[PDB]
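Remarks on the overall topology
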Amino acid sequence: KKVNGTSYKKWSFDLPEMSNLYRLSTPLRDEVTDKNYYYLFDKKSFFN
Amino acid sequence: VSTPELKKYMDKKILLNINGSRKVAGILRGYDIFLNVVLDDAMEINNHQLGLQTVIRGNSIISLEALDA
Amino acid sequence: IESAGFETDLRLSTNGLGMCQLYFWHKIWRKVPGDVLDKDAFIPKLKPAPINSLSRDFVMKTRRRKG
Amino acid sequence: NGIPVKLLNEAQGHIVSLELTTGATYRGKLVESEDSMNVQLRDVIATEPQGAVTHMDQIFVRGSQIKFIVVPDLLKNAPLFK
RNA sequence: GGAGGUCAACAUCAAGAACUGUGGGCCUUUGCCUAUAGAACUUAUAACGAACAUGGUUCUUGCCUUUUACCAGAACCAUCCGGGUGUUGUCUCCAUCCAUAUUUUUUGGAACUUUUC
RNA sequence: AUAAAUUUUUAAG
Ligand SMILES: [Mg+2]
Ligand SMILES: [Mg+2]
């Protein structure tokens, strides 16, 4: 269930796992929860 | 279940074509879900009026063709 | 005339939280605090003019654009 | 609910033909129909069982006394049935 | 016959918002119009890669004795580390729809007799 | 009532 096989592509998980992984990764997580935070920092504002 | 939409015909004179090749006339005053008709009276079609107001049973009505537009 | 930059001022200053909309319906109007005809009005020259005369400014400008 | 009823409802607007128990065919724009086939029609001609025809404005008919209703053949196409 | 493989080969992946086949009509195959069937993968804050390098030519600069090596922008092109889907082959592990009768439907107002044709 | 930050080295002649 959890993975394709030994060729090891196309991972699939369940909710509780992703809960724990989501918990452990907090120091590297992006942490910004909304698009509107980027206002003049998106790409098109940099090109412009 | 649903009400017969005769609110267009309210307070207008109607030819109530009724059972047994008979007729009635008169201005429409009311009705119900069984299509009984309450109407202010007129003649039976030469011609002769009976009553001041009249009530026609639902089953008896063949048609109620509007005299007024 | 004061709203030239308003929206972005707001939307940045709050760090993206917030919003603004500017709309014109009631067609209200208002006096500009200056006195339209005065010789002594202060022309700031690259500064926003002082409120004592903004009208002598606006008129002395529009008349220069028109003719 | 009855699919014939649905069909009748759909036919609203269109020129339906309509015979009764008496055998008095009508043909007109179907104004309104109900679950009980309580039809109203506009601009309606009215044939007698013997032969003679009579024009009339806004006929109402009670489905009890209706025999059969002819609807236009465009409704055959769509999209009530499936 | 099923599951797989850090296996292979051959297709296809940047466009009129776009694919292919087929039926019918006109011109004379192309092409236009009309009818019909199926469309995997990739695309709208646009793209196969939720990532990110280098090279060539041509201009503009920057360092500034000259050339490699360079400074940072543009245009046109390429190379390179990777990827998806489809078909086939091969290899490994296993198996031979209401429930009920009193005005709109199904508890009927049906029948008998007579004339014309 | 300001928060604005360029570089940087080797060979040959
Ligand atoms: Mg030399
Ligand atoms: Mg020398």
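A chain's residues are numbered here from 1, following its sequence as written, a convention that may not match the entry; residues for which no coordinates exist are omitted. Chain letters and ligand numbers both follow the written order, the letters beginning at A and the numbers at 1. Consider the displayed chains a part of a larger assembly; each reported value belongs to this part rather than to the entire assembly. Excluding hydrogens and water, the side-chain figures rest on all heavy atoms present in the structure. Residues with missing side-chain atoms are left out of burial classes, side-chain pairs and their counts.

Structure determination for this PDB entry was carried out by cryo-EM, with a resolution of 3.40 Å recorded in the header.

Here the focus is the overall build of chain A. The helix and strand labels rest on DSSP assignments: H or I over at least four residues marks a helix, E over at least two residues marks a strand, and numbering proceeds from the N terminus. Summing up its helical and strand segments, chain A has two helices and zero strands in all. For chain A, the spread of C-alpha atoms along the principal axes amounts to about 45 × 25 × 15 Å. The buried share of chain A, reckoned over its 48 residues, is 0%. The method behind every accessible area is Shrake-Rupley, applied with a 1.4 Å probe, and residues are considered shielded solely by the protein chains displayed. Within the structure as shown, chain A displays about 5000 Å² of accessible surface, and the carbon and sulfur contribution to it stands at 59%. Taking the 9 positively charged and 6 negatively charged side chains of chain A as two groups, their mean positions are separated by 9 Å. Accessible area is worked out with a 1.4 Å probe on protein chains only. A residue is then buried under 20% of its type maximum, exposed over 50%, and partly exposed in between. Residues scored as positive are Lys and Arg, those scored as negative are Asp and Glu, and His as well as the terminal groups of each chain are ignored. Charged groups are reduced to one reference atom each: NZ for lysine, CZ for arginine, CG for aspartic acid, CD for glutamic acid.

Here we come to the interface of chain D and chain B. With 14 residues of chain D at the interface, the matching set in chain B holds 16 residues. Broken down by element, the side of chain D that touches chain B gets its largest block of residues, six residues, from strand 4 (residues 53–61) of chain D. Classification convention: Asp, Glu, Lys, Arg as charged; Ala, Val, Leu, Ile, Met, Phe, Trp, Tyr, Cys, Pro as nonpolar; all other residues, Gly among them, as polar. Looking at the side of chain D that touches chain B residue by residue, the class counts come to five nonpolar, five polar and four charged. A contact between two residues is defined here by any heavy atoms of the two lying within 4.5 Å.

Moving on to unusual backbone geometry. A positive phi is found at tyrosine 8 of chain A, a non-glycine position, where the angle reads about 60 degrees. Take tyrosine 8 of chain A: its relative accessible area is 66%, and that puts it in the exposed class. Despite not being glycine, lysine 45 of chain C shows a phi value in the positive range, around 60 degrees. With respect to the helices and strands, the residue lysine 45 of chain C is situated in the loop between helix 1 (6–13) and helix 2 (55–66).

What follows covers the protein's contact with RNA strand E. In the vicinity of RNA strand E there are 18 residues, among which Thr6 and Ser7 of chain A, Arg57 and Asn59 of chain B together with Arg62 of chain D approach most closely. Residues are classed as near a molecule or strand on a simple rule: at least one heavy atom within 4 Å of it. Taking all atoms of RNA strand E within 4 Å of the protein, the share assigned to sugar and phosphate is 54%. At a separation of 3.0 Å, a base nitrogen of RNA strand E approaches a polar side-chain atom of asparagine 36 of chain B. Class assignment for the residues of the surface near RNA strand E results in three nonpolar, ten polar and five charged. Polar contacts, as counted here, are pairs of nitrogen or oxygen atoms within 3.5 Å of one another; within protein the pair requires one atom able to donate a hydrogen and one able to accept it, and residues that are adjacent in sequence qualify only if both atoms are side-chain atoms.

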